[PDB]
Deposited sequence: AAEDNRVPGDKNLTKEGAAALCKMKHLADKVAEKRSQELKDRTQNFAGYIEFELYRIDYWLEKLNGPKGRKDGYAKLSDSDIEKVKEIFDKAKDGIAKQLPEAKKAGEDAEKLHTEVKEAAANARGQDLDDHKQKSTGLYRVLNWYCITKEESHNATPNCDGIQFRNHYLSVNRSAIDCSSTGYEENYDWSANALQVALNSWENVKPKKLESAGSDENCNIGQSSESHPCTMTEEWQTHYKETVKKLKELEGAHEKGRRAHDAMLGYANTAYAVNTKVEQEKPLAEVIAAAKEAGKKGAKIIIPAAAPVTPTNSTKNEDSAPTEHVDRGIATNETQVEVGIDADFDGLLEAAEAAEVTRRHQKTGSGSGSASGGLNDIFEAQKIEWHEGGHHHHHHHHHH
């Protein structure tokens, strides 16, 4: 508590309620969602490698294929594993970063919410922030809530030590969201190859001729 120039306004009390709420949703919910979803990407890429292997075991539907025909299917299967595996070193790095980044994001937001609560306490109600729930808990939402407080920020007032932890929450949440995207762009790049291999397995089990299985593999890429 330090002396200031202006009285706190309704738009200043609401900005404080939103920053505490955003930090609470990041520390208790968002952080875990970004970690789980980033780490699942590497598991889907590995599943498509394991799954193509199981289809490769069936070349030993599949029994109707001639000796020359099985080599074509095997080649298509081996080239899909090449394209899927190519995306695994980026999706594994994303999931390894999202393990360390989650604990920094969860910690910084928890500290920013214990001092921000004491900044309200007579205490500010914060019931209108829960009603105006838009479910946007990104680093950009945390930033615009900080930007809105910085405009209505009275220079009687209180100190801003909570702001140092909140600034770290925004910085680390951007890093955590960047790891999610690095693994999202790897998962999506793996899809073309895994779709080609899925389309071949269906055409081979439906006993379609060789021209049909090759045409279906080409259309799924």
Notebook entry, point to check: Which ranges of the deposited chain go unmodelled, in order along the sequence?
Noted result: 1 to 5, 66 to 72, 134 to 174, 209 to 229, 296 to 400
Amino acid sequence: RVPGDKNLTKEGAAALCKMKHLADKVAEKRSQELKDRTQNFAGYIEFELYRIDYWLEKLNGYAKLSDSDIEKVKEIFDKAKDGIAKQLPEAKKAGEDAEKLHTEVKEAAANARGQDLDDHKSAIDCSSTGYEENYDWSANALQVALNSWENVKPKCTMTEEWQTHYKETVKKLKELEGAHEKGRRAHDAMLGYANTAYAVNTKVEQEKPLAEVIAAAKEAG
From here on, numbers count along this sequence of modelled residues.
Checklist line | Mean temperature factor over C-alpha atoms, higher-scoring stretch between 40 to 48 and 164 to 172 | finding: 164 to 172
Note to self: Quick check: 49 to 57 versus 27 to 35, which has the larger average CA B-factor in the record?
What the structure shows: 27 to 35
Next item on the list: Relative to the other modelled residues of the same chain, rank the CA B-factor of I124 and answer lowest, middle or highest third.
Entry: middle
Note to self: Could you place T159 in the lowest, middle or highest third of its chain by Cα temperature factor, using the values in the record?
What the structure shows: highest
Next item on the list: Quick one: classify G83 as lowest, middle or highest third of the chain based on its Cα B-factor.
Entry: lowest
Next item on the list: Would you mind ranking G114 by its C-alpha B-factor against the rest of the chain and naming the third, lowest, middle or highest?
Entry: highest
Checklist line | Among modelled residues of the same chain, the CA temperature factor third for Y131 | finding: highest
